[PDB]
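What follows is the content of work-v3.cif, which has mmCIF, C-alpha atoms:
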data_final
loop_
_atom_site.group_PDB
_atom_site.id
_atom_site.type_symbol
_atom_site.label_atom_id
_atom_site.label_comp_id
_atom_site.auth_asym_id
_atom_site.auth_seq_id
_atom_site.Cartn_x
_atom_site.Cartn_y
_atom_site.Cartn_z
ATOM 1 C CA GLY A 1 -182.079 -43.362 -38.362
ATOM 2 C CA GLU A 2 -181.758 -47.028 -39.315
ATOM 3 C CA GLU A 3 -178.028 -46.581 -39.826
ATOM 4 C CA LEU A 4 -177.819 -46.153 -35.972
ATOM 5 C CA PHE A 5 -179.024 -49.788 -35.571
ATOM 6 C CA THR A 6 -176.742 -51.808 -37.897
ATOM 7 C CA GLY A 7 -174.598 -53.072 -34.963
ATOM 8 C CA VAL A 8 -175.017 -53.937 -31.289
ATOM 9 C CA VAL A 9 -176.372 -50.956 -29.340
ATOM 10 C CA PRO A 10 -176.233 -50.592 -25.524
ATOM 11 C CA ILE A 11 -179.582 -50.041 -23.835
ATOM 12 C CA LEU A 12 -180.504 -48.339 -20.563
ATOM 13 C CA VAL A 13 -183.975 -48.450 -19.070
ATOM 14 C CA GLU A 14 -185.244 -46.349 -16.146
ATOM 15 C CA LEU A 15 -188.772 -46.645 -14.764
ATOM 16 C CA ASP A 16 -190.547 -44.926 -11.885
ATOM 17 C CA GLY A 17 -193.847 -46.513 -10.928
ATOM 18 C CA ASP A 18 -196.801 -46.013 -8.637
ATOM 19 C CA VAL A 19 -199.459 -48.724 -8.575
ATOM 20 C CA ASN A 20 -202.297 -48.047 -6.113
ATOM 21 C CA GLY A 21 -199.846 -45.894 -4.150
ATOM 22 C CA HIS A 22 -197.154 -48.625 -4.045
ATOM 23 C CA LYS A 23 -194.108 -46.755 -5.381
ATOM 24 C CA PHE A 24 -191.093 -48.355 -6.930
ATOM 25 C CA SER A 25 -188.321 -47.923 -9.427
ATOM 26 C CA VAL A 26 -186.638 -50.263 -11.906
ATOM 27 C CA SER A 27 -183.362 -49.917 -13.779
ATOM 28 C CA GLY A 28 -182.294 -52.073 -16.714
ATOM 29 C CA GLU A 29 -179.260 -52.593 -18.872
ATOM 30 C CA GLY A 30 -178.424 -54.672 -21.899
ATOM 31 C CA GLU A 31 -177.953 -54.722 -25.609
ATOM 32 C CA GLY A 32 -179.992 -54.732 -28.824
ATOM 33 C CA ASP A 33 -179.091 -56.015 -32.246
ATOM 34 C CA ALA A 34 -181.867 -55.008 -34.667
ATOM 35 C CA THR A 35 -180.248 -57.010 -37.484
ATOM 36 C CA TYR A 36 -181.488 -60.075 -35.648
ATOM 37 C CA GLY A 37 -184.372 -58.454 -33.746
ATOM 38 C CA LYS A 38 -182.513 -59.504 -30.601
ATOM 39 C CA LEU A 39 -182.620 -57.981 -27.093
ATOM 40 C CA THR A 40 -180.761 -59.104 -23.984
ATOM 41 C CA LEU A 41 -181.738 -57.198 -20.831
ATOM 42 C CA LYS A 42 -181.475 -57.412 -17.063
ATOM 43 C CA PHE A 43 -183.740 -55.365 -14.806
ATOM 44 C CA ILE A 44 -183.459 -54.660 -11.110
ATOM 45 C CA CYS A 45 -185.984 -53.194 -8.698
ATOM 46 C CA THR A 46 -183.883 -50.490 -7.083
ATOM 47 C CA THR A 47 -186.342 -49.651 -4.324
ATOM 48 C CA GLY A 48 -186.551 -53.185 -2.825
ATOM 49 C CA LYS A 49 -189.381 -55.640 -3.664
ATOM 50 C CA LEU A 50 -191.356 -55.098 -6.807
ATOM 51 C CA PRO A 51 -195.062 -54.643 -5.776
ATOM 52 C CA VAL A 52 -196.436 -56.060 -9.067
ATOM 53 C CA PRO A 53 -195.383 -59.149 -10.989
ATOM 54 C CA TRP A 54 -192.379 -58.788 -13.265
ATOM 55 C CA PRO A 55 -194.218 -60.191 -16.258
ATOM 56 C CA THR A 56 -196.659 -57.304 -16.137
ATOM 57 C CA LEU A 57 -193.831 -54.789 -16.710
ATOM 58 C CA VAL A 58 -192.166 -56.477 -19.689
ATOM 59 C CA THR A 59 -194.038 -54.612 -22.384
ATOM 60 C CA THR A 60 -193.423 -51.259 -20.701
ATOM 61 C CA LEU A 61 -189.720 -51.834 -20.040
ATOM 62 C CA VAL A 62 -187.679 -50.429 -27.219
ATOM 63 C CA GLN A 63 -189.386 -51.518 -30.448
ATOM 64 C CA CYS A 64 -186.716 -49.683 -32.425
ATOM 65 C CA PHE A 65 -184.821 -52.984 -32.095
ATOM 66 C CA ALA A 66 -187.369 -54.849 -34.249
ATOM 67 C CA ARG A 67 -185.990 -56.681 -37.223
ATOM 68 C CA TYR A 68 -187.774 -55.194 -40.262
ATOM 69 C CA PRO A 69 -187.407 -57.370 -43.379
ATOM 70 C CA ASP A 70 -185.692 -55.629 -46.219
ATOM 71 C CA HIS A 71 -188.980 -55.374 -48.144
ATOM 72 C CA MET A 72 -190.658 -53.636 -45.124
ATOM 73 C CA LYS A 73 -188.021 -51.119 -44.178
ATOM 74 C CA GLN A 74 -190.111 -48.111 -45.299
ATOM 75 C CA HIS A 75 -192.587 -49.114 -42.549
ATOM 76 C CA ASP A 76 -190.199 -48.771 -39.594
ATOM 77 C CA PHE A 77 -191.447 -45.688 -37.723
ATOM 78 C CA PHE A 78 -189.359 -46.458 -34.681
ATOM 79 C CA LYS A 79 -185.908 -46.188 -36.192
ATOM 80 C CA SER A 80 -186.959 -43.275 -38.419
ATOM 81 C CA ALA A 81 -187.582 -41.092 -35.351
ATOM 82 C CA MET A 82 -184.018 -41.593 -34.143
ATOM 83 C CA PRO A 83 -181.804 -40.186 -32.776
ATOM 84 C CA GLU A 84 -184.209 -37.539 -31.429
ATOM 85 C CA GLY A 85 -186.559 -40.333 -30.432
ATOM 86 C CA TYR A 86 -190.213 -40.839 -29.726
ATOM 87 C CA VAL A 87 -192.740 -40.732 -26.910
ATOM 88 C CA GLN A 88 -194.426 -44.050 -26.336
ATOM 89 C CA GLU A 89 -197.647 -44.063 -24.364
ATOM 90 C CA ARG A 90 -199.909 -46.909 -23.354
ATOM 91 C CA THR A 91 -202.975 -47.822 -21.432
ATOM 92 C CA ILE A 92 -202.874 -51.448 -20.320
ATOM 93 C CA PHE A 93 -206.247 -52.771 -19.085
ATOM 94 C CA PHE A 94 -205.980 -55.805 -16.860
ATOM 95 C CA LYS A 95 -209.255 -57.634 -17.301
ATOM 96 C CA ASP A 96 -211.299 -57.560 -14.122
ATOM 97 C CA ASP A 97 -208.613 -55.507 -12.432
ATOM 98 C CA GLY A 98 -206.795 -52.178 -12.711
ATOM 99 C CA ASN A 99 -204.921 -50.378 -15.446
ATOM 100 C CA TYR A 100 -201.457 -49.123 -16.110
ATOM 101 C CA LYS A 101 -200.927 -45.804 -17.929
ATOM 102 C CA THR A 102 -197.347 -45.391 -19.142
ATOM 103 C CA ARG A 103 -195.433 -42.559 -20.753
ATOM 104 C CA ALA A 104 -191.944 -43.134 -22.008
ATOM 105 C CA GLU A 105 -189.292 -41.306 -24.008
ATOM 106 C CA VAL A 106 -187.053 -43.498 -26.133
ATOM 107 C CA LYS A 107 -183.986 -41.722 -27.602
ATOM 108 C CA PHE A 108 -180.232 -41.914 -27.969
ATOM 109 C CA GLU A 109 -177.978 -40.434 -25.340
ATOM 110 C CA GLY A 110 -174.690 -40.686 -27.185
ATOM 111 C CA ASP A 111 -174.325 -44.257 -28.385
ATOM 112 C CA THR A 112 -176.784 -45.632 -25.807
ATOM 113 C CA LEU A 113 -180.475 -46.157 -26.523
ATOM 114 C CA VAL A 114 -182.390 -44.941 -23.450
ATOM 115 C CA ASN A 115 -185.960 -45.752 -22.437
ATOM 116 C CA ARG A 116 -187.145 -43.467 -19.592
ATOM 117 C CA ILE A 117 -190.600 -44.382 -18.277
ATOM 118 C CA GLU A 118 -193.256 -43.192 -15.811
ATOM 119 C CA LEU A 119 -195.937 -45.762 -14.934
ATOM 120 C CA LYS A 120 -199.132 -45.103 -13.027
ATOM 121 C CA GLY A 121 -201.488 -47.890 -12.006
ATOM 122 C CA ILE A 122 -204.908 -47.397 -10.488
ATOM 123 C CA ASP A 123 -207.998 -49.425 -9.569
ATOM 124 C CA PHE A 124 -206.185 -52.594 -8.789
ATOM 125 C CA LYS A 125 -207.629 -55.137 -6.409
ATOM 126 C CA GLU A 126 -205.553 -55.715 -3.288
ATOM 127 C CA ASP A 127 -205.941 -59.450 -3.601
ATOM 128 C CA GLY A 128 -206.226 -59.680 -7.384
ATOM 129 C CA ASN A 129 -203.686 -61.348 -9.628
ATOM 130 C CA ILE A 130 -201.392 -58.298 -9.862
ATOM 131 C CA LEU A 131 -201.135 -56.935 -6.337
ATOM 132 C CA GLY A 132 -201.571 -60.450 -5.007
ATOM 133 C CA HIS A 133 -198.683 -61.814 -7.101
ATOM 134 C CA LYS A 134 -200.640 -64.667 -8.658
ATOM 135 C CA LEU A 135 -199.020 -64.642 -12.067
ATOM 136 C CA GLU A 136 -196.502 -67.238 -13.174
ATOM 137 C CA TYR A 137 -192.992 -65.999 -13.923
ATOM 138 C CA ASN A 138 -193.614 -66.960 -17.519
ATOM 139 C CA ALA A 139 -192.741 -65.852 -21.055
ATOM 140 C CA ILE A 140 -195.041 -63.696 -23.060
ATOM 141 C CA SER A 141 -195.512 -63.810 -26.786
ATOM 142 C CA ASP A 142 -197.847 -62.087 -29.101
ATOM 143 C CA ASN A 143 -198.315 -59.766 -32.061
ATOM 144 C CA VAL A 144 -198.201 -55.967 -31.848
ATOM 145 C CA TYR A 145 -200.650 -54.622 -34.494
ATOM 146 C CA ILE A 146 -199.451 -51.228 -35.823
ATOM 147 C CA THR A 147 -201.286 -48.626 -37.793
ATOM 148 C CA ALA A 148 -200.426 -45.075 -38.844
ATOM 149 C CA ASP A 149 -201.630 -42.049 -36.865
ATOM 150 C CA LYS A 150 -201.271 -39.277 -39.471
ATOM 151 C CA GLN A 151 -202.595 -36.549 -37.093
ATOM 152 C CA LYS A 152 -199.859 -37.138 -34.410
ATOM 153 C CA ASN A 153 -197.354 -37.931 -37.165
ATOM 154 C CA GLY A 154 -196.854 -41.281 -35.595
ATOM 155 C CA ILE A 155 -198.388 -44.688 -34.941
ATOM 156 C CA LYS A 156 -200.933 -46.483 -32.872
ATOM 157 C CA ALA A 157 -200.796 -50.083 -31.797
ATOM 158 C CA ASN A 158 -202.986 -52.591 -30.075
ATOM 159 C CA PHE A 159 -202.375 -56.103 -28.754
ATOM 160 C CA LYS A 160 -203.289 -58.556 -26.032
ATOM 161 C CA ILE A 161 -200.985 -60.290 -23.556
ATOM 162 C CA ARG A 162 -202.393 -63.377 -21.857
ATOM 163 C CA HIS A 163 -200.511 -63.828 -18.588
ATOM 164 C CA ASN A 164 -200.747 -67.285 -17.015
ATOM 165 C CA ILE A 165 -202.187 -67.361 -13.529
ATOM 166 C CA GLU A 166 -200.877 -69.860 -10.979
ATOM 167 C CA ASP A 167 -204.229 -71.718 -10.983
ATOM 168 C CA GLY A 168 -204.001 -72.474 -14.730
ATOM 169 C CA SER A 169 -206.205 -69.595 -15.834
ATOM 170 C CA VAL A 170 -205.303 -66.438 -17.784
ATOM 171 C CA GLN A 171 -205.040 -62.751 -16.843
ATOM 172 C CA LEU A 172 -205.626 -60.708 -19.932
ATOM 173 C CA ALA A 173 -203.818 -57.390 -20.389
ATOM 174 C CA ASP A 174 -205.271 -55.375 -23.305
ATOM 175 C CA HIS A 175 -202.703 -52.910 -24.598
ATOM 176 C CA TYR A 176 -203.397 -49.669 -26.412
ATOM 177 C CA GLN A 177 -200.369 -47.731 -27.626
ATOM 178 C CA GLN A 178 -199.462 -44.457 -29.311
ATOM 179 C CA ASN A 179 -196.048 -43.226 -30.430
ATOM 180 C CA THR A 180 -195.198 -39.696 -31.446
ATOM 181 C CA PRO A 181 -191.858 -38.312 -32.635
ATOM 182 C CA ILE A 182 -189.870 -36.004 -30.370
ATOM 183 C CA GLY A 183 -188.132 -34.310 -33.230
ATOM 184 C CA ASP A 184 -189.650 -32.423 -36.163
ATOM 185 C CA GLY A 185 -187.941 -34.313 -39.039
ATOM 186 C CA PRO A 186 -189.552 -36.763 -41.403
ATOM 187 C CA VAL A 187 -190.670 -40.091 -40.024
ATOM 188 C CA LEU A 188 -191.960 -43.216 -41.707
ATOM 189 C CA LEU A 189 -195.739 -43.605 -41.396
ATOM 190 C CA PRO A 190 -196.336 -47.303 -41.972
ATOM 191 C CA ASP A 191 -198.935 -49.409 -43.658
ATOM 192 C CA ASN A 192 -200.650 -51.816 -41.322
ATOM 193 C CA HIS A 193 -198.339 -54.523 -40.067
ATOM 194 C CA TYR A 194 -197.372 -56.270 -36.876
ATOM 195 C CA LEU A 195 -194.388 -57.069 -34.665
ATOM 196 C CA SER A 196 -194.116 -60.758 -33.711
ATOM 197 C CA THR A 197 -192.528 -60.583 -30.227
ATOM 198 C CA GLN A 198 -191.397 -63.226 -27.844
ATOM 199 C CA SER A 199 -189.850 -62.614 -24.446
ATOM 200 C CA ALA A 200 -188.186 -65.335 -22.354
ATOM 201 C CA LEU A 201 -187.944 -64.574 -18.623
ATOM 202 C CA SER A 202 -185.303 -65.978 -16.345
ATOM 203 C CA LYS A 203 -183.353 -65.340 -13.134
ATOM 204 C CA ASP A 204 -179.650 -64.720 -12.555
ATOM 205 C CA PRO A 205 -178.674 -67.330 -9.979
ATOM 206 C CA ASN A 206 -176.100 -64.971 -8.411
ATOM 207 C CA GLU A 207 -178.452 -61.965 -8.125
ATOM 208 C CA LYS A 208 -180.043 -61.380 -4.748
ATOM 209 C CA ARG A 209 -181.913 -58.233 -5.652
ATOM 210 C CA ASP A 210 -185.444 -58.528 -7.084
ATOM 211 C CA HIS A 211 -184.778 -58.764 -10.801
ATOM 212 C CA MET A 212 -185.683 -60.063 -14.251
ATOM 213 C CA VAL A 213 -183.476 -61.380 -17.072
ATOM 214 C CA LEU A 214 -184.940 -61.200 -20.585
ATOM 215 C CA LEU A 215 -184.046 -62.635 -23.912
ATOM 216 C CA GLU A 216 -186.401 -61.161 -26.554
ATOM 217 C CA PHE A 217 -186.922 -61.391 -30.275
ATOM 218 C CA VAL A 218 -188.980 -58.876 -32.232
ATOM 219 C CA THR A 219 -189.681 -59.295 -35.957
ATOM 220 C CA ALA A 220 -191.877 -57.166 -38.255
ATOM 221 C CA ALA A 221 -194.304 -59.091 -40.442
ATOM 222 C CA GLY A 222 -197.603 -58.846 -42.239
ATOM 223 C CA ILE A 223 -196.637 -57.247 -45.552
#

Encoding of this model in structure tokens:
Amino acid sequence: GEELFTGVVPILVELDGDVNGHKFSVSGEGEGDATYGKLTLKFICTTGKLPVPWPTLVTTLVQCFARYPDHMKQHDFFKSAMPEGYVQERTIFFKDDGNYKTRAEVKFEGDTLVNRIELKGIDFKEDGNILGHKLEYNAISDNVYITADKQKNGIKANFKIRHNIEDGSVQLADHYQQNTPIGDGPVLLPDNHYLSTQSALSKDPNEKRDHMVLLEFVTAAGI
């Protein structure tokens, strides 16, 4: 499956969301180059205004583009599941606020790597940091800690994202993740390791729709 990632691969992302009954959709396009762990993406809210802050969607909106060091390549579950792909599920607990539950299918459609997502958010506070849009449009960076899940023939992960709040404080988002192959072929069940991930958020000065530009680097480490 790793052979499918040796060059630059087009990416498409499609998300339908419902957070406390606020419905929305997001589409994204860009490119990934796993040789360098490099992702360039642009997302648009296709339904109008996004009802949650963009930074809170970054993690949900393709870890198959991680750069695995040569000495770690037998620990890359993500690429091993391709082209058939994998289901990626999360619960994201926003401290003192609501939660997102996400289910996504990541697979090739031809030469394009597609991430199709449903997101459901509940128990958010109307005037909290998410629905109240109190988070800075700021980068996120952290380590995704992966372990094998032999019983789903896949992986689990956990990590924290600390989103800056406009008052100088932090909104914690505790992520719990599980990935399961879609196909029935052999996949790589890894030893414990992590993905060092950094996402830089920006705006396209010519884009009038509600949107997010991302430049992201993802590198496997810890072995």

Hey, what's within 8 Å of region 104-118 of chain A if we count all atoms listed in the file and toss same-chain stuff fewer than 5 positions away? As a compact mmCIF listing (two decimals) with C-alpha atoms, in the coordinates of the input, please?
# COMPACT_ATOMS: atom_id res chain seq x y z
CA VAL A 9 -176.37 -50.96 -29.34
CA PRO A 10 -176.23 -50.59 -25.52
CA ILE A 11 -179.58 -50.04 -23.84
CA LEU A 12 -180.50 -48.34 -20.56
CA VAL A 13 -183.98 -48.45 -19.07
CA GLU A 14 -185.24 -46.35 -16.15
CA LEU A 15 -188.77 -46.64 -14.76
CA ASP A 16 -190.55 -44.93 -11.88
CA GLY A 17 -193.85 -46.51 -10.93
CA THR A 60 -193.42 -51.26 -20.70
CA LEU A 61 -189.72 -51.83 -20.04
CA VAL A 62 -187.68 -50.43 -27.22
CA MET A 82 -184.02 -41.59 -34.14
CA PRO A 83 -181.80 -40.19 -32.78
CA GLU A 84 -184.21 -37.54 -31.43
CA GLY A 85 -186.56 -40.33 -30.43
CA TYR A 86 -190.21 -40.84 -29.73
CA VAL A 87 -192.74 -40.73 -26.91
CA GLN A 88 -194.43 -44.05 -26.34
CA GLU A 89 -197.65 -44.06 -24.36

Give me, as JSON lines, each residue of region 72-147 of chain A that comes within 12 Å of region 169-184 of chain A, together with its shortest interatomic pair and the distance in Å at one decimal, counting only C-alpha atoms, with rows ordered by chain and rising residue number.
{"residue": "A:77", "atom": "CA", "partner": "A:179", "partner_atom": "CA", "distance": 9.0}
{"residue": "A:78", "atom": "CA", "partner": "A:179", "partner_atom": "CA", "distance": 8.6}
{"residue": "A:79", "atom": "CA", "partner": "A:181", "partner_atom": "CA", "distance": 10.5}
{"residue": "A:80", "atom": "CA", "partner": "A:181", "partner_atom": "CA", "distance": 9.1}
{"residue": "A:81", "atom": "CA", "partner": "A:181", "partner_atom": "CA", "distance": 5.8}
{"residue": "A:82", "atom": "CA", "partner": "A:183", "partner_atom": "CA", "distance": 8.4}
{"residue": "A:83", "atom": "CA", "partner": "A:183", "partner_atom": "CA", "distance": 8.6}
{"residue": "A:84", "atom": "CA", "partner": "A:183", "partner_atom": "CA", "distance": 5.4}
{"residue": "A:85", "atom": "CA", "partner": "A:182", "partner_atom": "CA", "distance": 5.5}
{"residue": "A:86", "atom": "CA", "partner": "A:181", "partner_atom": "CA", "distance": 4.2}
{"residue": "A:87", "atom": "CA", "partner": "A:180", "partner_atom": "CA", "distance": 5.3}
{"residue": "A:88", "atom": "CA", "partner": "A:179", "partner_atom": "CA", "distance": 4.5}
{"residue": "A:89", "atom": "CA", "partner": "A:178", "partner_atom": "CA", "distance": 5.3}
{"residue": "A:90", "atom": "CA", "partner": "A:177", "partner_atom": "CA", "distance": 4.4}
{"residue": "A:91", "atom": "CA", "partner": "A:176", "partner_atom": "CA", "distance": 5.3}
{"residue": "A:92", "atom": "CA", "partner": "A:175", "partner_atom": "CA", "distance": 4.5}
{"residue": "A:93", "atom": "CA", "partner": "A:174", "partner_atom": "CA", "distance": 5.1}
{"residue": "A:94", "atom": "CA", "partner": "A:173", "partner_atom": "CA", "distance": 4.4}
{"residue": "A:95", "atom": "CA", "partner": "A:172", "partner_atom": "CA", "distance": 5.4}
{"residue": "A:96", "atom": "CA", "partner": "A:171", "partner_atom": "CA", "distance": 8.6}
{"residue": "A:97", "atom": "CA", "partner": "A:171", "partner_atom": "CA", "distance": 9.2}
{"residue": "A:98", "atom": "CA", "partner": "A:173", "partner_atom": "CA", "distance": 9.7}
{"residue": "A:99", "atom": "CA", "partner": "A:173", "partner_atom": "CA", "distance": 8.6}
{"residue": "A:100", "atom": "CA", "partner": "A:175", "partner_atom": "CA", "distance": 9.4}
{"residue": "A:101", "atom": "CA", "partner": "A:176", "partner_atom": "CA", "distance": 9.6}
{"residue": "A:102", "atom": "CA", "partner": "A:177", "partner_atom": "CA", "distance": 9.3}
{"residue": "A:103", "atom": "CA", "partner": "A:178", "partner_atom": "CA", "distance": 9.6}
{"residue": "A:104", "atom": "CA", "partner": "A:179", "partner_atom": "CA", "distance": 9.4}
{"residue": "A:105", "atom": "CA", "partner": "A:182", "partner_atom": "CA", "distance": 8.3}
{"residue": "A:106", "atom": "CA", "partner": "A:182", "partner_atom": "CA", "distance": 9.1}
{"residue": "A:107", "atom": "CA", "partner": "A:182", "partner_atom": "CA", "distance": 8.7}
{"residue": "A:108", "atom": "CA", "partner": "A:182", "partner_atom": "CA", "distance": 11.6}
{"residue": "A:128", "atom": "CA", "partner": "A:171", "partner_atom": "CA", "distance": 10.0}
{"residue": "A:129", "atom": "CA", "partner": "A:171", "partner_atom": "CA", "distance": 7.5}
{"residue": "A:130", "atom": "CA", "partner": "A:171", "partner_atom": "CA", "distance": 9.0}
{"residue": "A:133", "atom": "CA", "partner": "A:171", "partner_atom": "CA", "distance": 11.7}
{"residue": "A:134", "atom": "CA", "partner": "A:171", "partner_atom": "CA", "distance": 9.5}
{"residue": "A:135", "atom": "CA", "partner": "A:171", "partner_atom": "CA", "distance": 7.9}
{"residue": "A:136", "atom": "CA", "partner": "A:170", "partner_atom": "CA", "distance": 10.0}
{"residue": "A:138", "atom": "CA", "partner": "A:170", "partner_atom": "CA", "distance": 11.7}
{"residue": "A:140", "atom": "CA", "partner": "A:173", "partner_atom": "CA", "distance": 11.1}
{"residue": "A:142", "atom": "CA", "partner": "A:175", "partner_atom": "CA", "distance": 11.3}
{"residue": "A:143", "atom": "CA", "partner": "A:175", "partner_atom": "CA", "distance": 11.0}
{"residue": "A:144", "atom": "CA", "partner": "A:175", "partner_atom": "CA", "distance": 9.1}
{"residue": "A:145", "atom": "CA", "partner": "A:177", "partner_atom": "CA", "distance": 9.7}
{"residue": "A:146", "atom": "CA", "partner": "A:177", "partner_atom": "CA", "distance": 9.0}
{"residue": "A:147", "atom": "CA", "partner": "A:178", "partner_atom": "CA", "distance": 9.6}

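With only C-alpha atoms taken into account, the protein and nucleic acid residues at most 12 Å from residue 207 (chain A) (excluding it and anything under 6 positions from it in its own chain) are residues 42, 43, 44, 45 and 213 of chain A.
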
Take the residues from that selection and put them in a file with C-alpha atoms, as a JSON list (two decimals), in the coordinates of the input.
[["chain", "number", "residue", "atom", "x", "y", "z"],
["A", 42, "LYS", "CA", -181.48, -57.41, -17.06],
["A", 43, "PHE", "CA", -183.74, -55.36, -14.81],
["A", 44, "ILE", "CA", -183.46, -54.66, -11.11],
["A", 45, "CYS", "CA", -185.98, -53.19, -8.70],
["A", 213, "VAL", "CA", -183.48, -61.38, -17.07]]

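Taking CA of residue 18 (chain A) as the reference point, CA of residue 200 (chain A) is found at 25.2 Å.
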
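Comparing the minimum interatomic distances between residue 72 (chain A) and each of A:164, A:219, A:141, A:47, counting all atoms listed in the file, we find that A:219 sits nearest.
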
Given the PyMOL selection byres ((chain A and resi 36-41) around 6) and the file above, list the residues it selects as a PDB file with C-alpha atoms, in the frame of the given file.
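Writing the result to result_18.pdb gives the following:
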ATOM      1  CA  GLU A  29    -179.260 -52.593 -18.872  1.00  0.00           C
ATOM      2  CA  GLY A  30    -178.424 -54.672 -21.899  1.00  0.00           C
ATOM      3  CA  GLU A  31    -177.953 -54.722 -25.609  1.00  0.00           C
ATOM      4  CA  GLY A  32    -179.992 -54.732 -28.824  1.00  0.00           C
ATOM      5  CA  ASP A  33    -179.091 -56.015 -32.246  1.00  0.00           C
ATOM      6  CA  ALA A  34    -181.867 -55.008 -34.667  1.00  0.00           C
ATOM      7  CA  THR A  35    -180.248 -57.010 -37.484  1.00  0.00           C
ATOM      8  CA  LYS A  42    -181.475 -57.412 -17.063  1.00  0.00           C
ATOM      9  CA  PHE A  65    -184.821 -52.984 -32.095  1.00  0.00           C
ATOM     10  CA  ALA A  66    -187.369 -54.849 -34.249  1.00  0.00           C
ATOM     11  CA  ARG A  67    -185.990 -56.681 -37.223  1.00  0.00           C
ATOM     12  CA  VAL A 213    -183.476 -61.380 -17.072  1.00  0.00           C
ATOM     13  CA  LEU A 214    -184.940 -61.200 -20.585  1.00  0.00           C
ATOM     14  CA  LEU A 215    -184.046 -62.635 -23.912  1.00  0.00           C
ATOM     15  CA  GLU A 216    -186.401 -61.161 -26.554  1.00  0.00           C
ATOM     16  CA  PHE A 217    -186.922 -61.391 -30.275  1.00  0.00           C
ATOM     17  CA  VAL A 218    -188.980 -58.876 -32.232  1.00  0.00           C
ATOM     18  CA  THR A 219    -189.681 -59.295 -35.957  1.00  0.00           C
TER      19      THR A 219
END

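Of the listed residues A:139, A:189, A:223, A:8, the one whose atoms come nearest to residue 156 (chain A) is A:189, with distances taken using all atoms listed in the file.
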
Take CA of residue 222 (chain A) and CA of residue 7 (chain A) and report the distance between them in Å, one decimal.
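Calculated distance between CA of residue 222 (chain A) and CA of residue 7 (chain A) is 24.8 Å.
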
Between CA of residue 220 (chain A) and CA of residue 68 (chain A), what is the distance in Å, rounded to a tenth?
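So the two atoms, CA of residue 220 (chain A) and CA of residue 68 (chain A), lie 5.0 Å apart.
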